[PDB]
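A.B. asks: Give me the fold of what follows.
(one chain, ligands or ions: 1)
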Amino acid sequence: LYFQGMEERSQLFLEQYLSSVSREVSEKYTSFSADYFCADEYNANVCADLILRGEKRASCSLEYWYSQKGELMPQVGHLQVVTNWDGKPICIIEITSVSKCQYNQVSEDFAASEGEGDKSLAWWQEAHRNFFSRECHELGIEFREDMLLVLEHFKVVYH
Ligand SMILES: [Cl-]
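C.D. replies: Residues are numbered from 1 along each chain as shown. Let me share the structure:
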């Protein structure tokens, strides 16, 4: 009932996970999606694998999407089928926490949880400033370092 329109490969994979847990556990889930991470093939595929392996355990996005563009906030307990660029399911993640912080207040520990490149805050900054500047242009605003982010932490539950 909750994900009839999901792309078939990812729907099948998600059904495998739900069937591999007890009815009590599967029936609690109410929020589902299927997507890749990032905006390019190289990083989508690297990130799916980092997530698979437990190296990438967090992500973030501009809060502007939710407060101004009306996107639904991420929820604890959400399941995402993590695909590669080409839509092949790689793993399933469950959101474990959601919070907010300014871009310029992102910590070294959060950058390390995101797990990309050398895990440093400098690498995290270079990557995110670029990506968020592009999104901001399409949104019709300029990126500022004081903008709020939505931080998500998550865990692998299936692969
Ligand atoms: Cl903050």
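
A.B. asks: How far does the biggest strand by length in the chain sit from its chain's centre?
C.D. replies: Criterion DSSP state E: the longest strand present in the chain is strand 89-102. Relative to its parent chain, strand 89-102 has a centroid offset of 5 Å by C-alpha atoms, centre = their mean, to the nearest Å.

A.B. asks: Report the secondary structure state of the residue positioned nearest the centre of the chain.
C.D. replies: Nearest to the centroid of the C-alpha atoms of the chain, with distances taken as C-alpha atoms, centre = their mean, sits residue 59, at 5.1 Å. On the three-state scheme (DSSP: H, G, I helix; E, B strand; the rest coil), residue 59 is labelled strand.

A.B. asks: repeat for residue 156
C.D. replies: For residue 156, the assignment made with three-state DSSP gives strand.

A.B. asks: So residue 51 belongs to a helix, correct?
C.D. replies: Yes. Counting by three-state DSSP, residue 51 falls inside a helix.

A.B. asks: mind listing what the residue nearest to it when sequence neighbours are not counted touches?
C.D. replies: Once flanking residues are discounted, residue 51 sits nearest to residue 82: 5.4 Å by C-beta to C-beta, 6 or more residues apart in numbering. C-betas here are computed from N, CA, C, even on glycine. The contact partners of residue 82, taken as C-beta atoms under 8 Å, 6 or more residues apart in numbering, are 35, 36, 37, 48, 51, 52, 89, 90, 91, 92, 93.

A.B. asks: Quick check: residue 131 is in a strand.
C.D. replies: No. Judged by three-state DSSP, residue 131 forms no part of a strand; its state is helix.

A.B. asks: What segments of the protein are strands?
C.D. replies: 32-35, 58-62, 79-83, 89-102, 148-158.

A.B. asks: for the ones you listed, which one sits closest to residue 4?
C.D. replies: Closest to residue 4 of the strands of the chain, according to C-beta to C-beta: strand 32-35, at 10.4 Å.

A.B. asks: I'd like to know which elements the closest one is packed against.
C.D. replies: Strand 32-35 sits against helix 8-19, strand 79-83, with contacts defined as 3 or more C-beta pairs under 8 Å, 6 or more residues apart in numbering; DSSP states H and E.

A.B. asks: nearest to the ion, of the ones you listed?
C.D. replies: strand 79-83 (24.8 Å; C-beta to the ion).
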